[PDB]
């Protein structure tokens, strides 16, 4: 039936909420009002989905959730990980989009921003498992998630990243991950865990769900003991240069996977060689753009608003090849880096910059269809 033989799963980044989990008023993540990615691609006969994973959690937590989003079942972050970081072992349970997902039944993975890192980690787990969990289950018995065992291949056809901070962002190091702003984020998470909340910001495994008969006062007191407040097992840490380097250091290339990256630039050079945001950079990224743009290291300056070009092109010191827009992007095992999209800020990739009339719905439609064409090419050249 579907034009694509392998389902396409779109994976949101940091802060992203999709589907039923999005607030009463909130942007449509995948395409804004410019091009409704899921609805329009389905209309054209493609089998596509938008994953729903933790908005504030670590790449680790998100990758586990991605696995269960696809496969179905109760999220298991692993006994060793849970014990190390101090959060629940078990999380939400997903219906599962492909309950029969197993070697042979592949999926295409496309990540926006942090979603691009989450996708890399999950594939890491399928192929190589998680050594701390393998060791823990060796030593202590129990059950180990099949996600953590290793030896699961032929499950992902492709990894495509849009404005992914593969090498981290100074906007995390110098803003997102500062103590002051972690506190803001964690307070939001505490609040949206209240007993009248219908939205899950992705840190409930840390205790941020108020019980039906618990007072707010008691809730505050209970969750102030959580390790979340000082942990590095969260998104803000993972998005720093160091946090992202750690992920780069534990990933490897899969020779069967087609890897491709897209990157935008939305800054311009000033007289001193610093980068400032273009008019048209979605305004909430003006300061973050300036922070990145004023880096001491010149090659870390050009940026899409919140991710420097050098972070998005490809993980540092993984194999890559610069590719043209026209040619087949059908090489396996190597990051195919697409030419930089001029004027595209971080959120232009998902169409939510409603203030930017230069970035048209029809342009965004062509961009997404071009990704699907590449994915079809991957399938055709198996």
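Numbering follows the first chain given and starts at 1.
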In the PDB record, does 231-239 or 264-272 carry the higher mean Cα temperature factor?
264-272
Which is higher on average in the deposited entry, the C-alpha temperature factors of 137-145 or of 305-313?
137-145
Taking the Cα B-factors listed in the entry, which of 118, 198, 161, 244 comes out highest?
198
Please work out which residue in 111, 96, 129, 202 has the highest C-alpha B-factor recorded for this crystal structure.
96
Among the modelled residues of its chain, the C-alpha B-factor of residue 352 falls in the third labelled middle
How does the C-alpha B factor of residue 46 compare with the rest of the chain: lowest, middle or highest third?
highest
Residue 331: CA temperature factor from the record, placed by chain third, in the highest
Of the three thirds of Cα B-factor ranks in this chain, residue 278 occupies the highest
What third of the chain, by the recorded C-alpha B-factor, contains residue 322?
highest
